[PDB]
Amino acid sequence: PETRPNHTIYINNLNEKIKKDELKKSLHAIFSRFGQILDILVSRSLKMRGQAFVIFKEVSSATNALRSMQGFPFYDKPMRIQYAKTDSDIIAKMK
RNA sequence: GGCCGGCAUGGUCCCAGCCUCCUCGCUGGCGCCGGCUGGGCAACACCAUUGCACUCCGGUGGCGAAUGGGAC
Ligand SMILES: [Mg+2]
Ligand SMILES: [Mg+2]
Ligand SMILES: [Mg+2]
């Protein structure tokens with residue numbers, strides 16, 4: 001499904017075989033064009049693998065990145081994007 | 001990776017080859033057979049997982065592996 005707009009986009013269906021550091025970098029490579037990125041959170045734990053949170057400084061960036069990159073073939077798999085259900089700490093830690 | 005027992009095996013050195021979860025080594029290891037046993041998930045493989053976080057954190061596996069020449 002999905003939710004309300006947010007500064008952060010929740011990505012899943014990501015190739016689980018890629019290491020944390022490389023995954024982070026390839027994501028900046030792919031998403032930096034949509035706007036400034038505050039951070040990318042990735043974990044390879046049993047619950048969080050195959051998922052990533054890309055935190056943009058501006059919601060419009062997240063909105064554009066979500067429309068443009070939906071299903072983008074990344075590491076041989078169709079990337080799935082939704083707005084994150086809750087604000088990330090970096091974002092709340094500001095406003 | 002460690003230890004043990006059996007059979008085998010003349011020594012020292014040189015070169016090359018090979019092996020590998022104990023990285024690969026410029027203090028590595030490498031005769032045949034059998035048994036006991038340690039560490040670790042860091043890498044790799046498989047299994048399982050489609051998962052909404054801001055706390056590093058599923059499991060199993062392999063090391064049950066690896067030889068030729070020369071000089072004295
Ligand atoms: Mg004996
Ligand atoms: Mg001789
Ligand atoms: Mg010889």
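Sequence lines set the chain letters: A, B, ... in the order given, protein chains first and strands last, and positions in each chain run from 1. All values below were derived from every heavy atom in this structure, side-chain atoms included, with hydrogens, water molecules and symmetry-related copies excluded.
Contact detail for A:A65 and A:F56: the closest heavy-atom pair is CB-CZ, 3.7 Å. What you find for A:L14 and A:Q51 is that their closest heavy atoms are CD1-C, 3.9 Å.
Separating the CD1 atom of A:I91 from the P atom of B:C54 is a distance of 17 Å, rounded to the nearest angstrom. Regarding A:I81, its CD1 atom lies at a distance of 15 Å from the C1' atom of B:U50, rounded to whole Å. Per the geometry, CG belonging to A:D89 stands 7 Å off P belonging to B:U55, to the nearest Å. Look at CG on A:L41: it is 15 Å from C1' on B:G51, rounded to the nearest Å. At whole-Å resolution of the value, NZ in A:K85 and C1' in B:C54 are 13 Å apart. In this structure, NZ of A:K19 is placed 9 Å from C1' of B:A42, rounded to the nearest angstrom. Taking atom OH of residue A:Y83 and atom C1' of nucleotide B:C52, one finds them 16 Å apart after rounding to whole Å. In this structure, A:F53 places its CZ atom 12 Å from P of B:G51, rounding to the nearest Å.
Separating the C1' atom of B:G31 from that of B:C18 is a span of 15 Å, rounded to the nearest Å. Between the P atoms of B:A42 and B:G5, the separation comes to 37 Å (whole Å). Remark: the separation of the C1' atoms in B:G51 and B:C57 is 16 Å, to the nearest Å. Comparing B:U49 with B:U60, their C1' atoms are spaced 15 Å from each other, to the whole Å. When the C1' atom is compared between B:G25 and B:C52, the two are found 46 Å apart, to the nearest whole Å. With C1' as the reference atom, B:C24 and B:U20 are 8 Å apart, rounded to whole Å. When the P atom is compared between B:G40 and B:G61, the two are found 14 Å apart, to the nearest whole Å. With both ends at atom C1', the span from B:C41 to B:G59 equals 11 Å, rounded to whole Å.
Counting only N and O atoms by type, the side chains of A:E2 and A:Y10 include no donor and acceptor under 3.5 Å apart. There is a side-chain donor-acceptor pair under 3.5 Å between A:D87 and A:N6.
A donor and an acceptor atom sit less than 3.5 Å apart, one in the side chain of A:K77 and one in the base of B:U50. If you check distances only, the side chain of A:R49 does reach the base of B:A48 with a donor-acceptor pair under 3.5 Å.
Heavy atoms of A:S88 sit under 4.0 angstrom from at least one base atom. Looking at heavy-atom distances under 4.0 Å, A:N6 makes no contact with the nucleic acid at all. If you check every strand for non-hydrogen atoms under 4.0 Å, A:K17 touches sugar and phosphate atoms only.
A donor-acceptor pair is defined here as one N or O able to donate and one able to accept, closer than 3.5 Å; such a pair exists between the side chain of A:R44 and the backbone of A:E16. Although no hydrogens or angles enter the test, the distance criterion places a donor-acceptor pair under 3.5 Å between the side chain of A:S61 and the main chain of A:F34.
Base stacking between strand neighbours B:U12 and B:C13 is detected by the criterion of six-membered ring centres within less than 5.5 Å and interplanar angle below 30°. Stacking between B:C47 and B:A48 holds, as the six-membered ring centres sit under 5.5 Å apart and the ring planes differ by under 30°. Consecutive bases B:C26 and B:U27 are counted as unstacked, their six-membered rings not meeting the limits of centres under 5.5 Å apart and planes tilted under 30°. Legend: stacked base step between B:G6 and B:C7; six-membered ring centres less than 5.5 Å apart, planes less than 30° apart. With a ring-centre distance below 5.5 Å and an interplanar angle below 30°, B:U20 is stacked on B:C19.
Phosphate proximity of B:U49 to A:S45: absent, as no side-chain N or O sits under 4.0 Å from OP1 or OP2.
Pucker check on B:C52: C1'-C2'-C3'-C4' negative, sugar south. Sugar conformation, B:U9: north. The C1'-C2'-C3'-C4' torsion carries a positive sign. A negative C1'-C2'-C3'-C4' dihedral is found for the sugar of B:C63, placing it in the south range. A negative value of the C1'-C2'-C3'-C4' dihedral assigns B:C41 to the south, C2'-endo side. When the pucker is read from the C1'-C2'-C3'-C4' torsion, the sugar belonging to B:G64 turns out south, on the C2'-endo side.
Across all strands shown, B:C57 has no partner, as no Watson-Crick or G-U wobble contact with both distances under 3.5 Å is found. Remark: B:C24 base-pairs with no nucleotide in the shown strands. Criterion, Watson-Crick or G-U wobble with two distances under 3.5 Å. Applying the Watson-Crick and G-U wobble criteria (two distances, each under 3.5 Å), B:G68 pairs with B:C15.
Between B:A8 and B:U60 there is no base pair of the Watson-Crick or G-U wobble kind with both donor-acceptor distances below 3.5 Å. By the Watson-Crick or G-U wobble test, with both distances required under 3.5 Å, B:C19 and B:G28 count as a base pair. With both atom-pair distances required to fall under 3.5 Å, a Watson-Crick or G-U wobble pair links B:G39 to B:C21.
Residues A:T86 and A:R44 both approach RNA chain B. Their nearest nucleotides, taken by heavy-atom distance, put A:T86 toward the 5′ side.
Here B:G25 is in the syn range [glycosidic angle within 90° of 0].
In the set B:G58, B:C52, B:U50, B:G58 carries the atom at the smallest distance from any side-chain atom of A:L46. The side chain of A:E16 lies closest to B:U50 when the candidates are B:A53, B:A43, B:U50. Checked against B:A53, B:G51, B:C57, the side chain of A:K47 finds its nearest nucleotide in B:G51. In the set B:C52, B:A43, B:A53, B:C52 carries the atom at the smallest distance from any side-chain atom of A:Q51.
For A:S43, the side-chain contact (heavy atoms from CB on, under 4.5 Å) partners at least two apart in sequence or on another chain are A:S45, A:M48.
At most 12 non-hydrogen atoms from other residues, nucleotides or ligands lie less than 6.0 angstrom from NZ of A:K57. The environment of A:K47 atom NZ is sparse: at most 12 non-hydrogen atoms of other residues, nucleotides or ligands sit within 6.0 angstrom.
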